[PDB]
$ cat entry-v5.csv   # CSV, C-alpha atoms and all ligand atoms
chain,number,residue,atom,x,y,z
X,1,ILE,CA,-16.2,-4.4,17.5
X,2,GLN,CA,-12.5,-3.9,16.4
X,3,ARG,CA,-11.2,-0.9,14.5
X,4,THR,CA,-8.0,-0.7,12.2
X,5,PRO,CA,-5.9,2.3,13.1
X,6,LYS,CA,-5.3,5.4,10.9
X,7,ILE,CA,-1.5,5.9,10.6
X,8,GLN,CA,-0.1,9.4,9.6
X,9,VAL,CA,3.7,10.2,9.3
X,10,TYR,CA,4.9,13.8,9.3
X,11,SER,CA,7.5,16.3,10.7
X,12,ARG,CA,6.9,18.7,13.7
X,13,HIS,CA,8.4,21.7,11.7
X,14,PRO,CA,8.5,22.0,7.9
X,15,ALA,CA,11.3,19.8,6.4
X,16,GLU,CA,14.9,21.4,6.0
X,17,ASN,CA,18.0,19.3,5.2
X,18,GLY,CA,20.7,19.6,7.9
X,19,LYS,CA,18.5,21.3,10.5
X,20,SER,CA,17.1,19.4,13.5
X,21,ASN,CA,13.4,18.4,13.7
X,22,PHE,CA,11.1,15.6,15.0
X,23,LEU,CA,9.4,12.7,13.1
X,24,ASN,CA,5.9,12.1,14.3
X,25,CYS,CA,3.7,9.0,13.9
X,26,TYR,CA,0.1,9.7,14.9
X,27,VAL,CA,-1.9,6.5,15.4
X,28,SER,CA,-5.6,7.1,15.9
X,29,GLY,CA,-9.1,5.6,15.9
X,30,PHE,CA,-8.5,2.0,16.7
X,31,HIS,CA,-9.9,-0.7,19.2
X,32,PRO,CA,-8.6,-2.5,21.3
X,33,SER,CA,-5.7,-0.6,23.1
X,34,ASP,CA,-2.8,-3.0,22.3
X,35,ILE,CA,-0.7,-1.4,19.4
X,36,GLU,CA,2.9,-1.9,18.5
X,37,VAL,CA,4.5,1.2,16.9
X,38,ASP,CA,8.1,1.5,15.5
X,39,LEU,CA,9.8,4.4,13.7
X,40,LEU,CA,12.2,3.4,10.8
X,41,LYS,CA,15.3,4.8,9.1
X,42,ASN,CA,16.5,3.1,5.8
X,43,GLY,CA,14.8,-0.2,6.9
X,44,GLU,CA,16.5,-0.1,10.3
X,45,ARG,CA,14.5,0.5,13.6
X,46,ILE,CA,15.0,3.7,15.6
X,47,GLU,CA,16.1,2.8,19.2
X,48,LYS,CA,15.2,6.0,21.0
X,49,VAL,CA,11.4,6.6,20.4
X,50,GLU,CA,9.3,8.7,22.9
X,51,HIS,CA,5.4,8.5,22.9
X,52,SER,CA,2.5,10.6,24.1
X,53,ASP,CA,-0.1,10.1,26.9
X,54,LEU,CA,-2.7,7.6,25.6
X,55,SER,CA,-6.2,9.1,25.3
X,56,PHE,CA,-9.5,7.9,24.0
X,57,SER,CA,-12.0,9.9,21.9
X,58,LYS,CA,-15.8,10.0,22.6
X,59,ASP,CA,-16.2,6.9,20.3
X,60,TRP,CA,-14.0,5.1,22.9
X,61,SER,CA,-11.3,4.7,20.1
X,62,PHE,CA,-7.8,5.5,21.4
X,63,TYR,CA,-5.1,7.7,19.8
X,64,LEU,CA,-1.3,8.1,20.5
X,65,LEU,CA,1.7,10.1,19.2
X,66,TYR,CA,5.2,8.6,18.7
X,67,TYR,CA,8.1,11.0,18.0
X,68,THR,CA,11.9,11.1,17.6
X,69,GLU,CA,14.3,14.0,17.1
X,70,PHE,CA,16.1,13.7,13.7
X,71,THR,CA,18.1,15.7,11.2
X,72,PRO,CA,16.6,15.1,7.7
X,73,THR,CA,19.5,14.0,5.4
X,74,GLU,CA,19.2,14.3,1.5
X,75,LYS,CA,19.2,10.5,0.9
X,76,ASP,CA,17.5,9.3,4.2
X,77,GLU,CA,14.4,7.2,3.9
X,78,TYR,CA,12.0,7.4,6.9
X,79,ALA,CA,8.8,5.3,7.6
X,80,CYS,CA,6.4,4.0,10.3
X,81,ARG,CA,5.7,0.3,10.9
X,82,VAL,CA,2.4,-0.4,12.8
X,83,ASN,CA,0.9,-3.7,14.0
X,84,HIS,CA,-2.5,-4.2,15.8
X,85,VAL,CA,-4.9,-7.1,16.5
X,86,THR,CA,-6.8,-6.1,13.3
X,87,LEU,CA,-3.5,-6.4,11.3
X,88,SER,CA,-2.3,-9.8,10.0
X,89,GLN,CA,0.9,-8.2,8.6
X,90,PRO,CA,2.3,-4.9,9.9
X,91,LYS,CA,1.5,-1.7,7.8
X,92,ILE,CA,4.6,0.4,6.9
X,93,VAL,CA,3.9,4.1,6.1
X,94,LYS,CA,6.7,6.0,4.4
X,95,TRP,CA,7.4,9.7,5.3
X,96,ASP,CA,6.6,12.0,2.4
X,97,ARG,CA,8.7,15.2,1.8
Z,1,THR,CA,-15.5,27.0,25.0
Z,2,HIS,CA,-13.1,25.1,27.5
Z,3,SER,CA,-13.6,21.6,29.0
Z,4,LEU,CA,-12.4,19.3,31.9
Z,5,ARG,CA,-12.5,15.4,31.4
Z,6,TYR,CA,-11.2,12.4,33.4
Z,7,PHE,CA,-11.2,8.8,32.1
Z,8,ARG,CA,-10.7,5.3,33.5
Z,9,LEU,CA,-9.6,2.2,31.5
Z,10,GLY,CA,-9.5,-1.4,32.7
Z,11,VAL,CA,-8.1,-4.4,30.6
Z,12,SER,CA,-8.3,-8.2,31.5
Z,13,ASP,CA,-5.2,-10.1,30.2
Z,14,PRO,CA,-2.8,-7.6,28.7
Z,15,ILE,CA,0.2,-9.7,27.4
Z,16,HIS,CA,2.3,-6.5,26.8
Z,17,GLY,CA,0.2,-3.4,26.6
Z,18,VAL,CA,-0.7,-3.4,30.3
Z,19,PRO,CA,-1.4,-2.1,33.0
Z,20,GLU,CA,-4.9,-3.3,33.9
Z,21,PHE,CA,-5.8,0.3,35.2
Z,22,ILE,CA,-5.1,3.8,33.8
Z,23,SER,CA,-6.7,7.2,34.8
Z,24,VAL,CA,-5.8,10.4,32.9
Z,25,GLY,CA,-7.3,13.9,33.1
Z,26,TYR,CA,-7.4,16.8,30.5
Z,27,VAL,CA,-8.2,20.4,30.4
Z,28,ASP,CA,-9.3,20.7,26.8
Z,29,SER,CA,-6.4,19.0,24.9
Z,30,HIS,CA,-3.9,19.2,27.7
Z,31,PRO,CA,-3.0,16.2,29.9
Z,32,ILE,CA,-3.1,17.3,33.5
Z,33,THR,CA,-2.9,14.2,35.8
Z,34,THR,CA,-2.1,10.5,35.6
Z,35,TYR,CA,-2.5,7.3,37.6
Z,36,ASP,CA,-2.0,3.6,36.7
Z,37,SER,CA,-2.1,0.2,38.5
Z,38,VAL,CA,1.8,0.1,38.4
Z,39,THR,CA,2.7,3.5,39.8
Z,40,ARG,CA,-0.1,3.6,42.5
Z,41,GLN,CA,0.1,7.4,42.6
Z,42,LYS,CA,-1.7,10.5,41.1
Z,43,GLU,CA,0.8,12.7,39.3
Z,44,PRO,CA,0.8,16.0,37.4
Z,45,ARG,CA,1.3,15.9,33.6
Z,46,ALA,CA,1.6,19.8,33.3
Z,47,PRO,CA,4.0,22.2,35.2
Z,48,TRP,CA,1.3,24.6,36.4
Z,49,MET,CA,-0.2,21.6,38.0
Z,50,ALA,CA,2.9,20.7,40.0
Z,51,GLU,CA,2.9,24.4,41.4
Z,52,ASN,CA,-0.5,25.9,42.5
Z,53,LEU,CA,-1.7,22.4,43.8
Z,54,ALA,CA,-0.8,21.6,47.5
Z,55,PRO,CA,0.5,18.0,48.3
Z,56,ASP,CA,-2.9,17.4,50.2
Z,57,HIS,CA,-4.7,17.2,46.8
Z,58,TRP,CA,-2.4,14.5,45.4
Z,59,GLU,CA,-2.5,12.4,48.6
Z,60,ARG,CA,-6.3,12.6,48.9
Z,61,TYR,CA,-6.9,11.6,45.2
Z,62,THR,CA,-4.2,8.9,45.3
Z,63,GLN,CA,-6.1,7.1,48.1
Z,64,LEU,CA,-9.4,7.6,46.3
Z,65,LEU,CA,-8.2,6.2,43.0
Z,66,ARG,CA,-6.4,3.2,44.7
Z,67,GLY,CA,-10.0,2.2,45.7
Z,68,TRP,CA,-11.5,3.1,42.3
Z,69,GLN,CA,-8.8,0.7,40.9
Z,70,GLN,CA,-10.3,-2.2,43.0
Z,71,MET,CA,-13.9,-1.3,42.1
Z,72,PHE,CA,-13.1,-1.2,38.3
Z,73,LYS,CA,-11.5,-4.7,38.6
Z,74,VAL,CA,-14.6,-6.1,40.3
Z,75,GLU,CA,-17.2,-4.3,38.0
Z,76,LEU,CA,-15.4,-5.7,34.9
Z,77,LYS,CA,-14.8,-9.3,36.3
Z,78,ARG,CA,-18.7,-9.3,36.9
Z,79,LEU,CA,-19.5,-8.1,33.3
Z,80,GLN,CA,-17.6,-11.0,31.6
Z,81,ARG,CA,-19.5,-13.5,33.8
Z,82,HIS,CA,-22.9,-12.1,33.0
Z,83,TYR,CA,-21.9,-12.4,29.3
Z,84,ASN,CA,-20.0,-15.7,28.6
Z,85,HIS,CA,-16.9,-13.7,28.0
Z,86,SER,CA,-13.4,-15.2,28.4
Z,87,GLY,CA,-10.0,-13.8,27.5
Z,88,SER,CA,-9.1,-10.0,27.5
Z,89,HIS,CA,-11.8,-7.4,27.6
Z,90,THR,CA,-11.9,-3.5,27.9
Z,91,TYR,CA,-14.0,-1.4,30.3
Z,92,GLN,CA,-14.0,2.5,30.0
Z,93,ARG,CA,-15.5,5.3,32.0
Z,94,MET,CA,-15.7,9.1,31.4
Z,95,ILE,CA,-16.8,12.2,33.3
Z,96,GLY,CA,-16.3,15.9,32.7
Z,97,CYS,CA,-18.0,19.0,31.5
Z,98,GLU,CA,-17.7,22.2,29.3
Z,99,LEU,CA,-17.9,25.9,29.8
Z,100,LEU,CA,-19.6,27.4,26.7
Z,101,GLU,CA,-18.6,31.0,25.8
Z,102,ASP,CA,-22.2,32.2,26.5
Z,103,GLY,CA,-22.0,31.1,30.2
Z,104,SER,CA,-24.0,27.9,29.9
Z,105,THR,CA,-22.5,24.7,31.2
Z,106,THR,CA,-22.8,21.0,30.1
Z,107,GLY,CA,-21.6,17.8,31.8
Z,108,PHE,CA,-21.5,14.0,30.9
Z,109,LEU,CA,-21.0,10.5,32.5
Z,110,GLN,CA,-20.6,7.5,30.3
Z,111,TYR,CA,-19.4,3.8,30.4
Z,112,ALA,CA,-18.4,1.3,27.7
Z,113,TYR,CA,-17.6,-2.5,27.4
Z,114,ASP,CA,-15.4,-3.4,24.4
Z,115,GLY,CA,-15.6,0.2,23.1
Z,116,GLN,CA,-19.5,-0.1,22.9
Z,117,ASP,CA,-21.9,2.2,24.8
Z,118,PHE,CA,-23.0,0.3,27.9
Z,119,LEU,CA,-24.4,3.0,30.4
Z,120,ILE,CA,-25.1,6.7,30.0
Z,121,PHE,CA,-26.0,8.9,32.9
Z,122,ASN,CA,-28.8,11.6,32.6
Z,123,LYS,CA,-28.0,14.1,35.4
Z,124,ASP,CA,-31.4,15.8,35.0
Z,125,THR,CA,-33.5,12.7,35.8
Z,126,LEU,CA,-30.8,10.9,37.9
Z,127,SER,CA,-31.3,7.9,35.6
Z,128,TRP,CA,-29.2,5.5,33.6
Z,129,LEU,CA,-29.8,4.6,29.9
Z,130,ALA,CA,-29.0,0.8,29.9
Z,131,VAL,CA,-27.9,-0.8,26.5
Z,132,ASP,CA,-29.0,-4.5,27.2
Z,133,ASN,CA,-30.3,-6.8,30.0
Z,134,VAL,CA,-26.8,-7.0,31.7
Z,135,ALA,CA,-26.5,-3.1,31.9
Z,136,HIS,CA,-30.2,-3.0,33.3
Z,137,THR,CA,-29.4,-5.2,36.2
Z,138,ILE,CA,-26.2,-3.1,37.0
Z,139,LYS,CA,-28.3,0.1,36.5
Z,140,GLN,CA,-30.9,-1.2,38.9
Z,141,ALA,CA,-28.3,-1.7,41.7
Z,142,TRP,CA,-27.0,1.8,41.0
Z,143,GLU,CA,-30.3,3.6,41.1
Z,144,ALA,CA,-31.1,2.2,44.7
Z,145,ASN,CA,-28.0,4.1,46.0
Z,146,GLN,CA,-29.5,7.6,45.6
Z,147,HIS,CA,-26.7,9.5,47.5
Z,148,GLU,CA,-24.2,8.3,44.9
Z,149,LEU,CA,-26.4,9.5,42.0
Z,150,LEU,CA,-26.7,12.9,43.8
Z,151,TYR,CA,-22.9,12.9,44.5
Z,152,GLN,CA,-22.3,12.4,40.8
Z,153,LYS,CA,-25.1,15.0,39.7
Z,154,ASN,CA,-23.6,17.6,42.2
Z,155,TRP,CA,-19.9,16.9,41.1
Z,156,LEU,CA,-20.8,17.7,37.4
Z,157,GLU,CA,-23.3,20.5,38.3
Z,158,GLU,CA,-20.9,22.3,40.8
Z,159,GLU,CA,-17.4,20.8,41.7
Z,160,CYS,CA,-16.4,20.1,38.0
Z,161,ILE,CA,-16.9,23.6,36.6
Z,162,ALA,CA,-15.4,25.2,39.8
Z,163,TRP,CA,-12.2,23.0,39.3
Z,164,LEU,CA,-12.1,23.8,35.6
Z,165,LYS,CA,-12.2,27.6,36.4
Z,166,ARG,CA,-9.2,27.0,38.9
Z,167,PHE,CA,-7.2,25.0,36.3
Z,168,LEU,CA,-7.9,27.8,33.7
Z,169,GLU,CA,-6.5,30.5,36.1
Z,170,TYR,CA,-3.2,28.4,36.0
Z,171,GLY,CA,-3.4,29.0,32.2
Z,172,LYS,CA,-1.0,31.1,30.1
Z,173,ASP,CA,-1.6,28.6,27.2
Z,174,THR,CA,-5.0,27.1,28.2
Z,175,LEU,CA,-6.7,30.6,28.6
Z,176,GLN,CA,-4.5,32.0,25.8
Z,177,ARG,CA,-6.5,31.1,22.6
Z,178,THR,CA,-4.2,33.1,20.3
Z,179,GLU,CA,-1.3,31.5,18.5
Z,180,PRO,CA,-1.7,32.4,14.8
Z,181,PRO,CA,-1.2,29.9,11.9
Z,182,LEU,CA,1.8,30.2,9.5
Z,183,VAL,CA,0.3,29.4,6.1
Z,184,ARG,CA,2.5,28.7,3.0
Z,185,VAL,CA,1.6,27.3,-0.4
Z,186,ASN,CA,3.9,24.8,-2.3
Z,187,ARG,CA,3.4,22.9,-5.6
Z,188,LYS,CA,3.8,19.1,-5.3
Z,189,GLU,CA,3.9,16.3,-7.9
Z,190,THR,CA,1.1,14.0,-6.6
Z,191,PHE,CA,1.2,11.8,-9.7
Z,192,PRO,CA,3.6,11.8,-12.7
Z,193,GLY,CA,3.2,14.2,-14.4
Z,194,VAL,CA,0.4,15.8,-12.4
Z,195,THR,CA,1.1,18.8,-10.2
Z,196,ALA,CA,-1.0,19.7,-7.0
Z,197,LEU,CA,-1.2,22.9,-5.0
Z,198,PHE,CA,-0.6,22.4,-1.3
Z,199,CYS,CA,-1.7,24.8,1.4
Z,200,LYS,CA,0.1,24.1,4.6
Z,201,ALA,CA,-0.7,25.8,7.9
Z,202,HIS,CA,1.4,25.2,11.1
Z,203,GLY,CA,2.1,26.5,14.6
Z,204,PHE,CA,-1.4,27.6,15.5
Z,205,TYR,CA,-3.3,27.4,18.8
Z,206,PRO,CA,-6.1,26.4,19.7
Z,207,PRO,CA,-6.5,23.4,17.3
Z,208,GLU,CA,-9.8,24.7,15.8
Z,209,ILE,CA,-9.1,26.0,12.2
Z,210,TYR,CA,-10.7,26.0,8.7
Z,211,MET,CA,-8.9,26.0,5.4
Z,212,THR,CA,-10.1,25.7,1.7
Z,213,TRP,CA,-9.0,26.1,-2.0
Z,214,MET,CA,-11.0,28.2,-4.5
Z,215,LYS,CA,-11.0,28.1,-8.3
Z,216,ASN,CA,-11.8,31.7,-9.6
Z,217,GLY,CA,-13.7,32.4,-6.3
Z,218,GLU,CA,-15.8,29.2,-6.5
Z,219,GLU,CA,-15.1,26.7,-3.8
Z,220,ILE,CA,-15.1,23.1,-5.3
Z,221,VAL,CA,-15.3,20.6,-2.3
Z,222,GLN,CA,-15.2,17.6,-4.8
Z,223,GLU,CA,-11.8,18.6,-6.3
Z,224,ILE,CA,-10.3,19.4,-2.8
Z,225,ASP,CA,-8.6,16.8,-0.6
Z,226,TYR,CA,-8.4,17.9,3.1
Z,227,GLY,CA,-5.9,16.9,5.7
Z,228,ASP,CA,-6.7,16.4,9.4
Z,229,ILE,CA,-5.7,18.8,12.2
Z,230,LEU,CA,-2.6,17.2,13.8
Z,231,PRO,CA,-0.6,17.6,17.0
Z,232,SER,CA,3.0,18.8,16.5
Z,233,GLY,CA,4.3,18.0,20.0
Z,234,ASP,CA,5.4,21.6,20.9
Z,235,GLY,CA,1.8,22.4,21.9
Z,236,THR,CA,0.8,23.9,18.5
Z,237,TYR,CA,-0.9,22.1,15.6
Z,238,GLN,CA,-0.6,21.7,11.8
Z,239,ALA,CA,-3.1,21.0,8.9
Z,240,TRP,CA,-3.3,21.1,5.0
Z,241,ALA,CA,-5.7,21.1,2.0
Z,242,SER,CA,-4.8,20.2,-1.6
Z,243,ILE,CA,-6.1,20.8,-5.1
Z,244,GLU,CA,-5.4,19.0,-8.5
Z,245,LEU,CA,-3.9,21.6,-10.9
Z,246,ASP,CA,-5.4,21.3,-14.5
Z,247,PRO,CA,-3.3,21.9,-17.7
Z,248,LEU,CA,-6.8,31.5,-11.0
Z,249,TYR,CA,-6.5,29.5,-7.6
Z,250,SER,CA,-6.4,30.9,-4.0
Z,251,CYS,CA,-6.2,29.5,-0.5
Z,252,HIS,CA,-8.5,30.6,2.4
Z,253,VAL,CA,-7.9,30.2,6.2
Z,254,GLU,CA,-9.9,31.3,9.3
Z,255,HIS,CA,-8.5,31.0,12.9
Z,256,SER,CA,-9.6,32.9,16.1
Z,257,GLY,CA,-11.3,35.7,14.2
Z,258,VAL,CA,-8.3,36.2,11.9
Z,259,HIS,CA,-9.1,35.8,8.1
Z,260,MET,CA,-6.4,35.3,5.4
Z,261,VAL,CA,-6.4,34.6,1.6
Z,262,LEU,CA,-3.2,33.4,-0.2
Z,263,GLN,CA,-2.8,33.6,-4.0
Z,264,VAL,CA,-0.6,31.3,-6.2
Z,265,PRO,CA,1.7,33.1,-8.7
U,1,CL,CL,-17.4,7.3,41.6
$ encode --input "entry-v5.csv" --output "structure tokens"
Amino acid sequence: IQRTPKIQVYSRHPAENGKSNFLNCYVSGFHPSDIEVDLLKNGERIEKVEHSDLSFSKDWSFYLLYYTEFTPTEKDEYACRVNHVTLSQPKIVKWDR
Amino acid sequence: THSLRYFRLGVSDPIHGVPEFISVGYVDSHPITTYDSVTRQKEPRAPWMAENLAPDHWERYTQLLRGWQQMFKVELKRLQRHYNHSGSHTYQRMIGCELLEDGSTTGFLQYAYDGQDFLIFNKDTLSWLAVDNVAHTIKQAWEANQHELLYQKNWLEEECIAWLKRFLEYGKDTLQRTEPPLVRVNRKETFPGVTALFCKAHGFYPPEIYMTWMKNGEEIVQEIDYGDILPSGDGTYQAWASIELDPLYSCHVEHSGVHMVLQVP
């Protein structure tokens, strides 16, 4: 019994160009626990990425939050790459403004 | 309608995403304590936990858990051998209870092998609900040790709700169930050249909220696309609901007794 995760990319505060924020990537409802999560900026990988305390729901399916402080530029393209045991090729989820 | 929960996780061969043992506690949605097979120490994951709790508490529960680490390894190794399982496998455990606003209390104890229900404790009959023949042989060994079943029953029935009450009096966020949502409505272009109305609520606490869209007062669930309640990181949450605009619409939100209706120009 293996579950594909549900990937959701969004900002901590409502988006404003030039002001500081945080880019969140909330991975949830997957099994087993081994999940590789990376935050991206114009293709390139974000080096400094902090993550939340792993927890599991009552359906024993884990959830995590990965976030990074960022200043949304006008032209900047942000996304979230995720790979699990259930994924043959990593899923990339673009941030929508 | 507050709750206290502690879980345990054990993994066989974790090639990256180790360690083999992790134990984390929560008062509602707040992480409070942590332990893992690497840092063989129980630690606070909240500031009001660092203060208020004497170093005796951490030392006693570090020793306890170091032992629960060894039991978990044994209990799991055993499980894979009763099956014909090889490789990496997951074993999870969960205790805790709730304090319902009326005054009534609940409390649970569950176990799972590979994210599937294995053993469920019924505290009112001091019994285990075994899933297969493997679980039934483990259940049988557990039922003979009566004082353990009573220790568990009593921990939920007494000790757990007492501890939750103490943790809640170290709450100026946990006890505080009032942080109102900040709702805004903005037109998006979901498909070219289709426009959609977006209701966006943020910065609220606790995370229980309800929002909907209504065409001329009629709520149309089949035309509405709802978003999940999400963590922000700052301890507050965000959510949204959207509607497909055709060639009078209003947004509705309820949160901690507060009721608000927003209307599009
Ligand atoms: Cl125990």
$ interface_residues --input "entry-v5.csv" --of "chain X" --to "chain Z" --cutoff "6 Å" --atoms "only C-alpha atoms" --output "short mmCIF file (atom, residue, chain, number, x, y, z; two decimals) with C-alpha atoms, in the coordinates of the input"
data_model
loop_
_atom_site.label_atom_id
_atom_site.label_comp_id
_atom_site.auth_asym_id
_atom_site.auth_seq_id
_atom_site.Cartn_x
_atom_site.Cartn_y
_atom_site.Cartn_z
CA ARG X 12 6.90 18.70 13.70
CA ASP X 34 -2.80 -3.00 22.30
CA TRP X 60 -14.00 5.10 22.90
#
$ residues_near_ligand --input "entry-v5.csv" --ligand "ligand CL 1 (chain U)" --cutoff "9 Å" --atoms "all atoms listed in the file" --output "PDB file with C-alpha atoms, keeping the file's coordinate frame"
ATOM      1  CA  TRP Z  68     -11.500   3.100  42.300  1.00  0.00           C
ATOM      2  CA  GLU Z 148     -24.200   8.300  44.900  1.00  0.00           C
ATOM      3  CA  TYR Z 151     -22.900  12.900  44.500  1.00  0.00           C
ATOM      4  CA  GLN Z 152     -22.300  12.400  40.800  1.00  0.00           C
TER       5      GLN Z 152
END
$ residues_around --input "entry-v5.csv" --residues "residue 8 of chain X" --least-positions-apart "4" --cutoff "8 Å" --atoms "all atoms listed in the file" --output "number ranges by chain"
X: 25-27, 93
$ residues_near_point --input "entry-v5.csv" --point "(11.7, 4.3, 4.1)" --cutoff "8 Å" --atoms "all atoms listed in the file" --output "PyMOL selection string"
chain X and resi 40-43+76-79+94-95
$ closest_residue --input "entry-v5.csv" --among "Z:119, Z:209, Z:46, Z:64" --to "residue 258 of chain Z" --atoms "all atoms listed in the file"
Z:209
$ residues_near_point --input "entry-v5.csv" --point "(10.9, 14.3, 20.1)" --cutoff "7 Å" --atoms "all atoms listed in the file" --output "PyMOL selection string"
chain X and resi 22+50+67-69
$ residues_around --input "entry-v5.csv" --residues "residue 16 of chain X" --least-positions-apart "2" --cutoff "9 Å" --atoms "all atoms listed in the file" --output "list in words"
residues 13, 14, 18, 19, 20, 21, 71, 72 and 73 of chain X
$ residues_around --input "entry-v5.csv" --residues "residue 79 of chain Z" --least-positions-apart "4" --cutoff "8 Å" --atoms "all atoms listed in the file" --output "mmCIF file with C-alpha atoms, in the frame of the given file"
data_model
loop_
_atom_site.group_PDB
_atom_site.id
_atom_site.type_symbol
_atom_site.label_atom_id
_atom_site.label_comp_id
_atom_site.auth_asym_id
_atom_site.auth_seq_id
_atom_site.Cartn_x
_atom_site.Cartn_y
_atom_site.Cartn_z
ATOM 1 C CA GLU Z 75 -17.200 -4.300 38.000
ATOM 2 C CA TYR Z 83 -21.900 -12.400 29.300
ATOM 3 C CA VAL Z 134 -26.800 -7.000 31.700
#
$ closest_residue --input "entry-v5.csv" --among "Z:32, Z:27, Z:99, Z:183" --to "residue 53 of chain X" --atoms "only C-alpha atoms"
Z:32
$ atom_distance --input "entry-v5.csv" --atom1 "atom CA of residue 108 of chain Z" --atom2 "atom CA of residue 153 of chain Z"
9.6 Å
$ atom_distance --input "entry-v5.csv" --atom1 "atom CA of residue 265 of chain Z" --atom2 "atom CA of residue 245 of chain Z"
13.0 Å
